[PDB]
Every structure is written in structure tokens, then in C-alpha cells.
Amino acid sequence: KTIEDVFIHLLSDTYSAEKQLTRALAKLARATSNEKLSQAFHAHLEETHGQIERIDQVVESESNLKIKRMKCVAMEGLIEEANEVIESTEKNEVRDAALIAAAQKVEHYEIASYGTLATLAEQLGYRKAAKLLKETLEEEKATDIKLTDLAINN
């Protein structure tokens, strides 16, 4: 019933979301015909594991924190949009354009989640965590910009 409870709840949700995204990204990388988009998805795959480890670092920076086991239902839905694109397109540029739009939805959600986690961390006085969450936030922004640019020369 405290702000720290809300933060742990949200961090736990994002932890689930990231874990789910590792599976989705491995699959997206194999589903596209475009080598640059595929490489983009694979790079974000590796970075995502780096981001989960960062959440682990957030939890260790404040002895009271913990990751509660849960399933982030919102991410399931966003990952499904990409699945549906795959099932309704041939492996070509129509699929690529639609997968990038679906991936942007995923980025929208993740950027908003980390912005919220960062603000909470700072309002809680969690200095190291704030910094770590901002680091991931910046990586997601770069990732999103990259999808946009890929879309343009796509």
C-alpha cells in the first residue's frame, strides 16, 4: 500500500515483459526477409537480456526490493500483434513494414513503462536505480528511432 509497493509491482511486470520479449525477438529475427531488420531484431534481443540484468541490478541496489513472479498480460497482447502480421503476410516487405509498426507498439509500451519506473525510482530516493532505469529508457529510445529509420529506407 506504499509507493515502494507500486514500484516493485511495476518493476516485476516489466521484468516479465522483457523475459517474454526475448522469445518474441528471437522469432521476429527469423521471420523477416530484410537482413537489416533481422539484425535489428537480433541486436535488440541481446540488448534485452542486458536490460533484464539491469533490472536485477536495480533490485540489488536497495535491499528491500525484490522481483515478484507475475505475467505481464499487456506484453502478451503486443507480441500477438506481430504473430498475426506474420500469419497474414508473405515473407516480404509487406511483412517487414507491418512488423516494424507492431514493434513500435512494443517500444511505445516499454518506453512509457521505463519512464514511469524512472520517475518512481527518483521519487523514492533510489539514486542508483533511477540511473539504471534511465539507461534502459535511452536504449529503448535509440531502438525505436532505429526502427523508424529502417522503416524509412524500407
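Note that residue numbering follows the sequence shown and begins at 1.
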Please work out which of 81 to 89 and 57 to 65 has the higher mean CA B-factor as recorded in the PDB entry. 57 to 65
Looking at the entry, does 121 to 129 or 94 to 102 show the higher mean C-alpha B-factor? 121 to 129
Can you tell me whether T136 has a C-alpha B-factor in the lowest, middle or highest third compared with the other modelled residues of the same chain? middle
By the record's CA B-factor, is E46 among the lowest, middle or highest third of residues in the chain? middle
Modelled-residue ranking by C-alpha temperature factor, third containing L28: middle
Which third, lowest, middle or highest, does the C-alpha temperature factor of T116 belong to within its own chain? middle
Compare the C-alpha B factor of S16 with those of the other modelled residues in its chain, then answer lowest, middle or highest third. lowest
